[PDB]
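Written below as C-alpha cells is the structure these notes are about.
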2 protein chains.
Amino acid sequence: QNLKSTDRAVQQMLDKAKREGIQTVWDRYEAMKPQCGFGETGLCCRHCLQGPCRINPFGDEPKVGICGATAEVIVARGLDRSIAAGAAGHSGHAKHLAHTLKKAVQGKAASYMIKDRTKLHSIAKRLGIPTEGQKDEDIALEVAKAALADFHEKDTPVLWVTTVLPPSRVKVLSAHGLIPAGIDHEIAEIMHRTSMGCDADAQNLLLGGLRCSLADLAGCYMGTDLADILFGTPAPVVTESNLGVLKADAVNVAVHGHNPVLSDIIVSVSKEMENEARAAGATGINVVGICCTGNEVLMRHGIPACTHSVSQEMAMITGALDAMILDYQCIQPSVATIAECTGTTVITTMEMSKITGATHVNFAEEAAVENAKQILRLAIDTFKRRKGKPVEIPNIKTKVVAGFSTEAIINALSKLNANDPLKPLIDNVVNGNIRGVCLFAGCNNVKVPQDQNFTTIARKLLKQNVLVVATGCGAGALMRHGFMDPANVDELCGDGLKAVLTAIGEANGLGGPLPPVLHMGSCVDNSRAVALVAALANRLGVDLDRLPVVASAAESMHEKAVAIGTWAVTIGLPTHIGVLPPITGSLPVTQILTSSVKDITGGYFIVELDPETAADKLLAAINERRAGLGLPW
Amino acid sequence: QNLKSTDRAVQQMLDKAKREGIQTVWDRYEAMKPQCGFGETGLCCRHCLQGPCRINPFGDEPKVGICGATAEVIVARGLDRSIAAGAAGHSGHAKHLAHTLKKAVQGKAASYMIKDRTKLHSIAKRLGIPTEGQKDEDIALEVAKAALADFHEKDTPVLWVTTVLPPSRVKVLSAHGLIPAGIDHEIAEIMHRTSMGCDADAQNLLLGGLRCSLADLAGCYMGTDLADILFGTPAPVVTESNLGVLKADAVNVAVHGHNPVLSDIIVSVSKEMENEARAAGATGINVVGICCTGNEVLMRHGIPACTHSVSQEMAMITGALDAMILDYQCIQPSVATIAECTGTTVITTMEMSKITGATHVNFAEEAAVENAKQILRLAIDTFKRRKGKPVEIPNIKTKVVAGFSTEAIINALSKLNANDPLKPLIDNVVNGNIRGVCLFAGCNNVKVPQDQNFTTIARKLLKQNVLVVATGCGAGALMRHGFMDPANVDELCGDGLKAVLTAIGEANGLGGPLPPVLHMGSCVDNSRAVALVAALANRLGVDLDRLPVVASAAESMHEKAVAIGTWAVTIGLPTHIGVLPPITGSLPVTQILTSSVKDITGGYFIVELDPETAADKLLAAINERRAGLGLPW
Ligand code: SF4
Ligand code: SF4
Ligand code: FES
Ligand code: FES
C-alpha cells in the first residue's frame, strides 16, 4: 500500500477497503492499465464526428488528422480546452461568490454579510471604485458588479488581471495581446478556435491559451477577494490534519468541494446544533475538511483537515463519516457508490453538480441556515444508525499551523520592520538566508504514489533555504506529513531558512519559528501567492520574471491545475509539472512551452517526473534568477 | 471515386489529385482506419491527467473511470462539451456581427451600414426596444447592445431565445429550467460542470446540454438577424453551383468560412477591381463560394457556389483557384499544404483562426475596403503566375434558385393570400398536398459517400409530398445535385407537392414552380427555419411539438451540428442524425436522447445510418404528428 500512498493513515484504510472488498481509486487505476498512449501524448482528437483521429507518435500512418490537423495543432487544441475548462471552474466559483455578495448587500440573504470591511475598501480602491462618503453596502454592491462585469467584454479589459499585476508585467502581456477581454468571453473563444476547421497554428493557439489562463487567474483572484470580504481574511491558526481528526463518538461531517459559500455556514450552524447532536448520543458535531472547501474553513476557522484529493474515499472507509457535504470540483463520484457500504450520507448541494445515488439538498443563499440545519439533521440521523458499531479511525494526525494569507504574512513581517514589511524578506533573499521562494500547488494524481513528489521536492528545497509556500492539495500533502508543524523546523530547514523562520516567529510572540511551509490556502488562493510575488516585484522595482520565485504542480490532475500552471508561466515564473501533460506528442508544442515562451513572458514549464531531478531543476531555476539579480548563489 | 463522393465533379478532381499525388481528406481517412472504438462510442475521457480513461463497451475491465465516472457520465460529459463548442462557434460569429453593427452606427467603420431598415425595426420591436421617434442609428445601437448583453447574466434571460419561440414553448422550457441565462455563461458552465469531480448524473448533465443548445440557437438567430440588418435580408435569386462555376480566364476567388463580414465586402470591392483584373490579362474577378460564407453571399448576391464541406480541397485541384479567403469554421487546414502544389493563395483574415503556411491579412472593419483590395491584389498576382498554364475545371454545374429567407417565403405565400400568408401553406398541410416539412441541415462527413444520405432521403420525402427546406452544406449537397432547379420538379416531387410549388411559383409570376427544395441559407440561418416553424405554430395555436415538422442532420460532422441537432430536439422536433454520434457506449444516455426526452421537450433524436431507413423513420414521425392533429396521412 506504500506504492499507492505515502500516508500511513491512507495505507491503513487501503487494507480495510481491501479486506472488505471496496474498490478504490487505486483499484480502478490498475483496471485501466495499460492506458492509451495516443491520449497520454495528446495525439488524439475527437472534435468532430469524422473522428476519432489519432497520430502515431512515431512510425507510419496515421500521421495527420482527417481534416489535415497536424500533431502540433491537435496537441495545442487539446491543451487549450483544458485551460478553458480550468478557467470555467475557478471563475464559476468566483461568479457564485459575486452573486452571493450582491444578494447579501441588497438584503436578500441575511446569513451573508460584509465580514472583512478593510478588505472590501482595499479592493474597491484597487479597482478605482470611490469609497469616501459611501456606505459599505454600496461599495460592496459596486465591487460585486465589477466582478460580474469582468466575465464579458466591456470598455475595460479584465480588471482582476490588469489591477493585480505590476504595470510592467501588464505592458509585457498587452504587447503580446494576452490580456483577457472577459472571463467567459475567453473561455468561449477557446472553444470556438479549437473546434474543427478554425485555428490551426500552434503558436497562435498557445498564445490564445496563455490569455485564457489569465482569465483563470482573474477567477482565482476574484474568488479569493470575494470570499475574504464575505467570510474574513485568514490569519494564523493552529489545527490538525489526517484521518485521526475524526472522532468515533461525535457526528463526523466532512465539507468537500471548493466553494465555501455553504460550508462556512455549515461551520457556524453546527455549533448551534450541538445540543441536538448531544441528545442523539453524540458528543457534538465534528466538522472536518476534505479538499479545498476544507482548506477554506481550515484557513478561516481552524477546522481540522481530514484528507485530500486522491485519498478522499478513505475518510468514508473508517466507518465514522456520517455525512459528506459536496459542492463541486474534485469530488470522486465513486463516493456515492462507496456510501452504500460505509453508511455515509453523501449530500450534493449545487444544481449543476449532482451524483447519481447521492441525496440532493437544493441549497440557496436565501435559505442557507435552514438548508444547513436540514443537512446536519441528516448527519445526526446517520450517526444514530451507527451508534454502537465499530469504526476504524487510524490514530494518525499532524499538527498544522496555517492561515498565512498575504495580509497575514505582511503583518508577520511587519513585526521586524513596521514601515517596510517586505524588506526583512528581501534582505534575507539578498544575503542568502532565503535562497528563493517555491509555491507548491495542485492535486494528487493516482499515477504518483500519494504525496511522494511534494515531500521529496519540499525536503530538498527546504534544506537549501528555499521559503516554501503551498496551496490546495499541495498544502494538504505537506500538512499531512508534518511540514506545517513548527516542531519540525530543526529537522527540515537549512540554517539560513531556520534563522528567518525563527526570527519572524519570535517577533510575533510565538517563542518558536513559523512552520517549515506557509499554508496560503485553497486553489483559488494561489492568487494570494501572486499578490505576494507582485508586491515583492513592486518593492524591488523589477518584473516577476526577474524574481527567484518558482512554482511546482508536483502531482497535478485537474484541468484547473493545467490552467494555474499556464498562468504561472504567463506571469513570469519557472513552473514545474511533475506528471506527464499531454504535450509530448508534439515536439514544437513542447519546445514552445518549455523554451521559447521564455522570450514572450519570461516564464516556462519544467516537465520532470522524477522528484529528485525536479528539485535540482527548480533549484537551478531559482539560482539563475539569483545570478540575474547579481546575487550570490 | 464513386464510393467517396456522389458528385461527378468531385470524382473527376479525385482522379486528378490521385495521379498528381496530392493527398486528400479521403486518403487521410483511409490512413486512419480502423478508428478507435472507445472514441467512436463515446467511452473515452481525458478530462484530467489521471486519464486517459476508457470503458470497454462490453466485456471485462475497464468498466469505470479512474475517478468513478460511469459510462453514462463520461458519454454525457463529452456530448455536453461538443454542444458547448458548437455554441461557442455560432455565438462568436454572432458576437463579431454585433460588434460590427455597433462600430458601423457609431461612425467607426463606414464600409458597413444599416442596409435592411425594415428588419432593424422588426427586431427592435420583437426585443421591446422603442422605435417611435428614434433615429435608426440609435435603434441599431440599442439592438447591438442587446445582442452583446445576451452573452452574460443580466436582469432578463437570453432574449434571442425567449422572444423568438412561442410563449407556450418558452413556458415548457422554463418549467424544466432550460432557458439560458447568458450565451457565454452557459458555455462556461458546461465546461465547469463536465470537468473532473463535478456533475456526475446523466440526466442532470443532459438537461444542462439542452440549455446550452438553446444558447447556440440564440447565437444562430442573432447571427442571422444582425447579418440581415447589415447586408440585407435574402430574396429569391438564381445562380449556379459546382466546380464548373470556376472560369479559367478569370481571377477565381473563393470566399470560405462562415462569417461574411469581410466576404460581403469582397463581393462589392471585386466589382470595383474589375479593370485592374482586366489589365492583368483576366476577364474579371470571379468570386465563388465555399461552405457557409459562400451560402451567405449566394443568398444575398447570387454568388455561385463552387463546392462544400468534405470536397473543399477539390476546388484547388482544378489549378484555377487563384485565392481562397478564409474567416473561420469548417476549413480543412490541409488547404494550406495543398496550396503549395496548386498555386492557390490561401489567406486567413481572423486573429483567432490562422493556418501555418497560409498568408495572413489582419482584417479590420475599420479598413475593410482597403483589406479587401490588398487581398484581391494577391489574387490577381496569382492569376498572372498561371497565365498560360492548363487547368482542369470539370464542366459540371447545376442551376440554383435560392434566397428563401422566411420573409421571402411569407412574401411568396402572400401572393396566394395577402392578409393571411401562412394559411395557403397550412391549408395544403391539412388537405394532404403537403405531408409535412423537413429541414436538412449540417455538413458532409468523410464516413458517408458525399451527399448520398441527403439526396437519398430527400428523394423519398419529396415523392411523399414533404416540403423540403435546407441550410448549410445540406443545401450545398442538394443544390449540387439539381434539387434547387425548378426544371426537376416533375421528376422529383409528388403530385400534391408539385401542385403547391407550381401554384406559388405561378402566382409570383414565374411561369413555373418554386424549386424542389427551398434554400434557407447558411448554418446560422437554421434560425430562419425556426422563425417559420414558430410562425406556423403561432398561427395554428399549438406548440412546435405538435407540428408535422422534422429535421435531418443526414451527414453531420461539426460540433456546431451537434448543437443544432440538440436544440432542434429541445424546441420540439423529431431530429434525425445520419452519422454515429458518440453516445452508443451508454444505453441510458441513448434512451434519454431518443426516447425519454419526448416527455421533456416533445422532440427526440432518430439515429439512423441507413438513408432509406432514415426516410421511412422521418415519414413515420411526420405522420405521427399528422395523426395527433387529427389529419389523414
Ligand atoms: S477536427 Fe480534424 S483531427 Fe479532429 S476529429 Fe475532426 S477530422 Fe479528426
Ligand atoms: S475525469 Fe475521471 S474518467 Fe476522466 S480522465 Fe479523469 S479520472 Fe478518468
Ligand atoms: S485513441 Fe485513446 S485517447 Fe483517443
Ligand atoms: S482511447 Fe481512443 S478516443 Fe480515447
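By order of appearance in the C-alpha cells: chains A, B, ..., then residues from 1 within every chain, and ligands from 1 in the order shown.
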Show me which residues sit within 12 Å of ligand 3 when counting only C-alpha atoms and all ligand atoms, and put them as a VMD selection string. (chain A and resid 32 34 to 47 51 to 57 62 74 to 75 78 582) or (chain B and resid 32 to 49 51 to 55)
Would you list the contacts of range 316-332 of chain B as a ChimeraX atom specification, taking every protein, DNA or RNA residue within 6 Å and counting only C-alpha atoms, but skipping same-chain residues closer than 6 positions in sequence? /A:67,196-198 /B:248,252-257,342,344-350,353,379,382-383,391-393
Just N, CA and C atoms for this one: save the residues we selected as a short mmCIF file (atom, residue, chain, number, x, y, z; two decimals), in the first residue's frame.
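Below is the file result10.cif, written as the result:
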```cif
data_model
loop_
_atom_site.label_atom_id
_atom_site.label_comp_id
_atom_site.auth_asym_id
_atom_site.auth_seq_id
_atom_site.Cartn_x
_atom_site.Cartn_y
_atom_site.Cartn_z
N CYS A 67 -8.98 15.95 -41.21
CA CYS A 67 -9.16 17.28 -41.79
C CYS A 67 -7.85 17.94 -42.17
N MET A 196 -13.45 22.29 -35.00
CA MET A 196 -12.83 21.83 -36.25
C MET A 196 -12.83 22.96 -37.29
N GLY A 197 -11.76 23.04 -38.07
CA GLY A 197 -11.69 23.98 -39.17
C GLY A 197 -11.51 25.44 -38.80
N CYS A 198 -10.90 25.70 -37.65
CA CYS A 198 -10.71 27.02 -37.08
C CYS A 198 -9.20 27.15 -36.90
N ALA B 248 -11.61 29.61 -66.31
CA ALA B 248 -10.17 29.53 -66.50
C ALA B 248 -9.55 30.89 -66.79
N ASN B 252 -10.12 33.64 -60.16
CA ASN B 252 -11.09 32.90 -59.36
C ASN B 252 -10.75 33.05 -57.88
N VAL B 253 -11.70 33.60 -57.13
CA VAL B 253 -11.52 33.92 -55.72
C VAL B 253 -12.64 33.25 -54.94
N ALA B 254 -12.29 32.31 -54.07
CA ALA B 254 -13.27 31.63 -53.22
C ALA B 254 -13.33 32.33 -51.87
N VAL B 255 -14.54 32.62 -51.42
CA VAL B 255 -14.77 33.02 -50.03
C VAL B 255 -15.23 31.79 -49.27
N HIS B 256 -14.61 31.53 -48.12
CA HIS B 256 -14.69 30.24 -47.48
C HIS B 256 -14.68 30.48 -45.98
N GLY B 257 -15.54 29.78 -45.26
CA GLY B 257 -15.68 30.02 -43.83
C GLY B 257 -17.15 30.17 -43.50
N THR B 342 -0.91 23.48 -55.89
CA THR B 342 -1.88 24.02 -56.83
C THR B 342 -1.65 25.48 -57.18
N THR B 344 -2.56 28.03 -55.41
CA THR B 344 -3.56 28.87 -54.79
C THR B 344 -2.95 29.69 -53.66
N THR B 345 -3.35 30.96 -53.57
CA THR B 345 -3.00 31.79 -52.42
C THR B 345 -4.10 31.64 -51.36
N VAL B 346 -3.77 30.95 -50.27
CA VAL B 346 -4.69 30.79 -49.15
C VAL B 346 -4.43 31.92 -48.17
N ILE B 347 -5.48 32.67 -47.82
CA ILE B 347 -5.35 33.86 -46.98
C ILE B 347 -6.29 33.75 -45.78
N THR B 348 -5.73 33.76 -44.58
CA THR B 348 -6.53 33.90 -43.37
C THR B 348 -6.74 35.38 -43.05
N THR B 349 -7.82 35.67 -42.33
CA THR B 349 -8.19 37.05 -42.03
C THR B 349 -8.58 37.32 -40.59
N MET B 350 -8.82 36.29 -39.78
CA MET B 350 -9.28 36.47 -38.41
C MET B 350 -8.17 36.11 -37.45
N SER B 353 -8.04 32.57 -36.01
CA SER B 353 -8.10 31.42 -36.92
C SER B 353 -7.02 31.57 -37.99
N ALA B 379 -4.69 37.94 -55.19
CA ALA B 379 -5.34 37.02 -56.11
C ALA B 379 -4.99 37.35 -57.56
N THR B 382 -1.65 36.15 -58.35
CA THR B 382 -1.62 34.70 -58.51
C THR B 382 -2.13 34.29 -59.89
N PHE B 383 -3.18 34.96 -60.38
CA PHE B 383 -3.66 34.67 -61.73
C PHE B 383 -2.56 34.91 -62.77
N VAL B 391 -5.53 24.26 -66.94
CA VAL B 391 -6.33 23.94 -65.77
C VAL B 391 -7.33 22.87 -66.17
N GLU B 392 -7.85 22.16 -65.17
CA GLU B 392 -8.89 21.16 -65.38
C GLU B 392 -10.09 21.53 -64.50
N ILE B 393 -10.98 22.35 -65.05
CA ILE B 393 -12.25 22.68 -64.39
C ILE B 393 -13.30 21.73 -64.95
#
```
Picked from range 280-462 of chain B by DSSP as helix (DSSP H, G or I), as JSON, numbers by chain: {"B": [291, 292, 293, 294, 295, 296, 297, 298, 299, 300, 301, 309, 310, 311, 312, 313, 314, 315, 316, 317, 334, 335, 336, 337, 338, 339, 340, 341, 342, 365, 366, 367, 368, 369, 370, 371, 372, 373, 374, 375, 376, 377, 378, 379, 380, 381, 382, 383, 384, 385, 386, 406, 407, 408, 409, 410, 411, 412, 413, 414, 422, 423, 424, 425, 426, 427, 428, 429, 430, 431, 452, 453, 454, 455, 456, 457, 458, 459, 460, 461, 462]}
Neighbouring residues of residue 223 in chain A were defined as those with any atom within 9 Å, considering only C-alpha atoms; residues of the same chain fewer than 3 positions away were excluded. Please report them as a PyMOL selection string. chain A and resi 90-91+93-98+218-220+226-228+259+524-525+527
Close residues, residue 155 in chain B itself excluded, 12 Å, only C-alpha atoms, min 6 positions apart in chain, as number ranges by chain: B: 146, 149, 181-182
Excluding residue 489 in chain A and its own-chain neighbours fewer than 2 positions away, which residues fall within 10 Å of it when counting only C-alpha atoms? Please give them as an mmCIF file with N, CA and C atoms, in the first residue's frame.
```
data_model
loop_
_atom_site.group_PDB
_atom_site.id
_atom_site.type_symbol
_atom_site.label_atom_id
_atom_site.label_comp_id
_atom_site.auth_asym_id
_atom_site.auth_seq_id
_atom_site.Cartn_x
_atom_site.Cartn_y
_atom_site.Cartn_z
ATOM 1 N N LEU A 462 13.850 22.870 1.124
ATOM 2 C CA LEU A 462 13.943 23.439 2.469
ATOM 3 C C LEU A 462 15.368 23.349 2.998
ATOM 4 N N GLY A 482 3.617 16.656 8.210
ATOM 5 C CA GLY A 482 4.270 17.397 9.264
ATOM 6 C C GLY A 482 4.970 18.662 8.838
ATOM 7 N N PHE A 483 4.815 19.090 7.580
ATOM 8 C CA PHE A 483 5.568 20.251 7.120
ATOM 9 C C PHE A 483 4.955 21.558 7.591
ATOM 10 N N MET A 484 3.806 21.518 8.258
ATOM 11 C CA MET A 484 3.197 22.717 8.817
ATOM 12 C C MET A 484 3.262 22.713 10.341
ATOM 13 N N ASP A 485 4.109 21.857 10.911
ATOM 14 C CA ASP A 485 4.342 21.836 12.354
ATOM 15 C C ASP A 485 5.671 22.509 12.644
ATOM 16 N N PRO A 486 5.693 23.641 13.357
ATOM 17 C CA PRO A 486 6.975 24.289 13.686
ATOM 18 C C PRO A 486 7.943 23.402 14.454
ATOM 19 N N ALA A 487 7.470 22.332 15.104
ATOM 20 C CA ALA A 487 8.392 21.417 15.779
ATOM 21 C C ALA A 487 9.309 20.682 14.810
ATOM 22 N N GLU A 491 14.563 19.761 11.969
ATOM 23 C CA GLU A 491 14.846 18.604 11.122
ATOM 24 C C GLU A 491 14.844 18.974 9.641
ATOM 25 N N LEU A 492 13.942 19.863 9.232
ATOM 26 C CA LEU A 492 13.646 20.056 7.815
ATOM 27 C C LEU A 492 14.379 21.231 7.175
ATOM 28 N N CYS A 493 14.642 22.307 7.913
ATOM 29 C CA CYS A 493 15.068 23.561 7.297
ATOM 30 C C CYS A 493 16.581 23.744 7.352
ATOM 31 N N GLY A 494 17.147 24.296 6.280
ATOM 32 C CA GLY A 494 18.534 24.729 6.313
ATOM 33 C C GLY A 494 18.732 25.839 7.331
ATOM 34 N N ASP A 495 20.002 26.102 7.652
ATOM 35 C CA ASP A 495 20.300 27.014 8.753
ATOM 36 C C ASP A 495 19.814 28.426 8.458
ATOM 37 N N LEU A 497 17.297 29.457 6.397
ATOM 38 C CA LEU A 497 15.842 29.485 6.478
ATOM 39 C C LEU A 497 15.355 29.372 7.920
ATOM 40 N N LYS A 498 15.939 28.456 8.688
ATOM 41 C CA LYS A 498 15.580 28.338 10.097
ATOM 42 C C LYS A 498 15.746 29.670 10.821
ATOM 43 N N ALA A 499 16.873 30.346 10.592
ATOM 44 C CA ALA A 499 17.114 31.631 11.244
ATOM 45 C C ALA A 499 15.994 32.620 10.939
ATOM 46 N N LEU A 501 12.795 31.927 9.782
ATOM 47 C CA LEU A 501 11.525 31.484 10.350
ATOM 48 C C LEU A 501 11.490 31.718 11.853
ATOM 49 N N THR A 502 12.616 31.467 12.533
ATOM 50 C CA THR A 502 12.694 31.694 13.976
ATOM 51 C C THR A 502 12.563 33.177 14.299
ATOM 52 N N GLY A 512 8.775 30.423 19.142
ATOM 53 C CA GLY A 512 9.287 29.441 18.228
ATOM 54 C C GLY A 512 9.064 29.925 16.813
ATOM 55 N N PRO A 513 9.609 29.199 15.848
ATOM 56 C CA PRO A 513 9.553 29.657 14.457
ATOM 57 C C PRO A 513 8.165 29.517 13.846
ATOM 58 N N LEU A 514 7.994 30.208 12.713
ATOM 59 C CA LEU A 514 6.933 29.885 11.773
ATOM 60 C C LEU A 514 7.091 28.432 11.332
ATOM 61 N N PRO A 515 6.038 27.822 10.784
ATOM 62 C CA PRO A 515 6.155 26.427 10.329
ATOM 63 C C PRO A 515 7.101 26.309 9.148
ATOM 64 N N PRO A 516 7.582 25.093 8.847
ATOM 65 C CA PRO A 516 8.505 24.925 7.716
ATOM 66 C C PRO A 516 7.931 25.367 6.381
ATOM 67 N N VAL A 517 6.619 25.238 6.198
ATOM 68 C CA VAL A 517 5.922 25.606 4.966
ATOM 69 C C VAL A 517 4.757 26.504 5.343
#
```
Which residue is closest to ligand 2? Choose from B:192, B:397, B:386, B:423 and count only C-alpha atoms and all ligand atoms.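 Smallest separation from ligand 2 among the options: B:192.
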Find the residues around residue 9 in chain A up to 9 Å (only C-alpha atoms counted), leave out those fewer than 5 positions away in its own chain, and share them as a PyMOL selection string. chain A and resi 14+242-244+314+393-397
